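Given next are two forms of a protein chain, the same chain in both, each as structure tokens and marked structure 1 or structure 2.
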Structure 1
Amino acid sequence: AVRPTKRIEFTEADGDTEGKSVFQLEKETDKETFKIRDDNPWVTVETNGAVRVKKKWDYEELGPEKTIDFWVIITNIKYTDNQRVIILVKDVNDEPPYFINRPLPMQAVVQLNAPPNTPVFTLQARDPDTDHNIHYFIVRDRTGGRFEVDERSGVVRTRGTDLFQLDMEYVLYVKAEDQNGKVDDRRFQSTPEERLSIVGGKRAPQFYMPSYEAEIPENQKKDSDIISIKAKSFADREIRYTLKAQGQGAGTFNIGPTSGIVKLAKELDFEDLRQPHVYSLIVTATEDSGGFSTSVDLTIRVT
């Protein structure tokens, strides 16, 4: 038999303390013991009907309904009643913002004679709460006032009429704040401090990941697609992709020079001791509109 469902409201912050009791289910008789029907990540049920925080409540990790929804078995006349409990959980601003810029680290060029207020980069941050209010800031300026960032748009502009120097690195350290989420009476939730690299004139291409990793089983099909690798050109020149092995396994793999897709060019057999269980490869992105080239590591482990 079924008891009236218990429906109740809380902020995720009301569940900010492990083992804190948040409410108790009614007893029908005093002998009654309570057992949760299924282990729950968020709550424990005590034998007397008390409900406690298990893992700290987190609105961001709950599913679409944003509830902790569970059944409880109530044993004792000799009866075994069932009762459902639904805890509606309310969002509080409690998660820090993060940068969504890619690739990382943040990189850019600046033309040698950029007029003042030339837009050079756009900081882009998100924040997990429903209630965010993001502000962008330079925190370390190692450039002598050559750049500023718009507090709201994230746009990074040049200041001053002075020339910029070819192949010189202008470095800024930036961050975003969610000014709807305090840590104290002073400070707000923050991204990490990111280093923004601005080079005068031009610079080599950059990969979308600082290094690449793939794990495949030993029965992987020949010629099948393993992983996709992409580099960006700062002057939108054409990129040609190229691959090579550090030690063991030349020819085991190859890359489409335009797609940047890596395929398995040979059969894998763990019985064949000549074949390593870990491949160290180097992918190279060459600007084949003359000159600039960049490399990255590709590690492929086999199981």
Structure 2
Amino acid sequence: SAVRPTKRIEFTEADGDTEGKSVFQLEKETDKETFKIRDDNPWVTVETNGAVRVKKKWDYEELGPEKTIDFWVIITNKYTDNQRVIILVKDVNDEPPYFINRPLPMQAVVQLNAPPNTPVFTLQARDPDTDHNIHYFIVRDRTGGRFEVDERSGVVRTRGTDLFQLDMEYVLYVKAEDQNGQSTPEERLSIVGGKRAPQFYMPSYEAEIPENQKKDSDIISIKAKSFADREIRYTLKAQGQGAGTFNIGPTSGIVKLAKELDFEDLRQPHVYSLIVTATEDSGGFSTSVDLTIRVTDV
């Protein structure tokens, strides 16, 4: 027949990242066949010998919604053959955006007399694909319409002139969506009127240290965010065993080893459970978090 079975083949965007690179060889039914493209294609040239070469550096986003380099070839040696070539192009960078806001869950405060269009928090997601653009939006507003999000910047801004209530929680569920390839999870943003307690940069902390850890060496750094941007004082208590084995820097949040350790001494536990407290001298507010320290033998 005049038409050959359609050549189907899969390559990544990156396989086509260099002009003139021979991606694949089109097969010939007879030794003396020569190839020629039917229509000029922006992405590929076809050599006389059937080698398919990168013309313009492949860009998945720039392909039609089909995501294929789709072209025909003429085969000869008139009595000529025709064959369709469909290169399915895979965008291997195309993985969903994720929020890079820290700490999670998303927490902000709103000034009680915040005037309209006061920014209270900036949503920041990252698309691992550098070639993608994302839009931020609210999927569920539990604030009674007191906040909106800028789709470009991710900035969350107050609306209306009414006051906000002290200690009152305003909740938005927010999402960033890809304009190319997927989205973030629908994350919960908690905005509290006026002030709220410090939030640790991790919901729990875990350290693993050898038996021979040097006395007064740093074991783990703990940090809490003060929403009032006020001074944080850290304290550390032991849950059960190990009181006084570790301390934490009042200002630094750095947990050091206070005592020598013996793994073969069964008086000392192998897993220490500690609670770190972050205290604002901004008045009252404290938050606690678990710190778990495991000791390995050496």
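Numbering runs along the sequence of structure 1, starting at 1. Here the rigid core means the biggest group of C-alpha atoms that line up within 1.5 Å when the two forms are laid on top of each other.
In this comparison between the two structures, the rigid parts meet at a hinge, and the single option from 214, 165, 93, 246 located at it is 93.
Once the larger rigid part is held fixed by C-alpha superposition between the two structures, the smaller part shows a rotation of 163 degrees.
A C-alpha shift of 3.0 Å is found for residue 289 between the two structures, based on superposition of the rigid core.
Structural comparison between the two structures after rigid-core fitting shows the C-alpha of residue 43 displaced 24.6 Å. Look at residue 161: with the core superposed, its C-alpha moves 1.0 Å between the two structures.
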